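Q: Attaching a single structure in structure tokens format; questions to follow.
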Amino acid sequence: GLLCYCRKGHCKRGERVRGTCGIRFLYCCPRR
């Protein structure tokens with residue numbers, strides 16, 4: 001279920017900001 005990953009700057013699909021994985025990073029969790 002929890003198919004989220006830490007990205008830097010942007011993501012390929014699923015760009016989100018639920019739980020910041022850092023400062024210059026973000027959280028990318030797709031819906032599939």
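FYI, nothing fancy with the structure tokens labels: chains A, B, ... in order, residues from 1 per chain, ligands from 1 as they appear.
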Identify, with DSSP run on backbone atoms, the residues in chain A assigned to strand (DSSP E or B), and express the list as a PDB file with N, CA and C atoms, in the first residue's frame.
A:
```
ATOM      1  N   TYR A   5       8.150   7.175  -2.268  1.00  0.00           N
ATOM      2  CA  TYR A   5       9.604   7.253  -2.381  1.00  0.00           C
ATOM      3  C   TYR A   5      10.085   8.697  -2.260  1.00  0.00           C
ATOM      4  N   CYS A   6      11.291   8.872  -1.727  1.00  0.00           N
ATOM      5  CA  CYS A   6      11.872  10.202  -1.568  1.00  0.00           C
ATOM      6  C   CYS A   6      12.497  10.675  -2.876  1.00  0.00           C
ATOM      7  N   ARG A   7      12.121  11.874  -3.306  1.00  0.00           N
ATOM      8  CA  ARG A   7      12.643  12.441  -4.544  1.00  0.00           C
ATOM      9  C   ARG A   7      13.324  13.781  -4.289  1.00  0.00           C
ATOM     10  N   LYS A   8      14.070  14.255  -5.282  1.00  0.00           N
ATOM     11  CA  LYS A   8      14.777  15.527  -5.175  1.00  0.00           C
ATOM     12  C   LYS A   8      14.335  16.486  -6.276  1.00  0.00           C
ATOM     13  N   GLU A  15       4.020  13.473  -7.453  1.00  0.00           N
ATOM     14  CA  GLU A  15       4.650  14.544  -6.686  1.00  0.00           C
ATOM     15  C   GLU A  15       3.732  15.026  -5.568  1.00  0.00           C
ATOM     16  N   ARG A  16       4.157  14.821  -4.322  1.00  0.00           N
ATOM     17  CA  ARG A  16       3.369  15.234  -3.165  1.00  0.00           C
ATOM     18  C   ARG A  16       4.262  15.816  -2.069  1.00  0.00           C
ATOM     19  N   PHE A  25      14.228  18.264  -0.736  1.00  0.00           N
ATOM     20  CA  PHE A  25      13.577  17.054  -1.223  1.00  0.00           C
ATOM     21  C   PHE A  25      12.069  17.109  -0.998  1.00  0.00           C
ATOM     22  N   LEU A  26      11.374  16.084  -1.481  1.00  0.00           N
ATOM     23  CA  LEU A  26       9.926  15.989  -1.338  1.00  0.00           C
ATOM     24  C   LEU A  26       9.499  14.529  -1.270  1.00  0.00           C
ATOM     25  N   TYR A  27       8.192  14.290  -1.217  1.00  0.00           N
ATOM     26  CA  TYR A  27       7.679  12.930  -1.146  1.00  0.00           C
ATOM     27  C   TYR A  27       6.832  12.599  -2.369  1.00  0.00           C
ATOM     28  N   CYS A  28       7.220  11.544  -3.076  1.00  0.00           N
ATOM     29  CA  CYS A  28       6.508  11.121  -4.277  1.00  0.00           C
ATOM     30  C   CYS A  28       5.831   9.772  -4.064  1.00  0.00           C
TER      31      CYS A  28
END
```
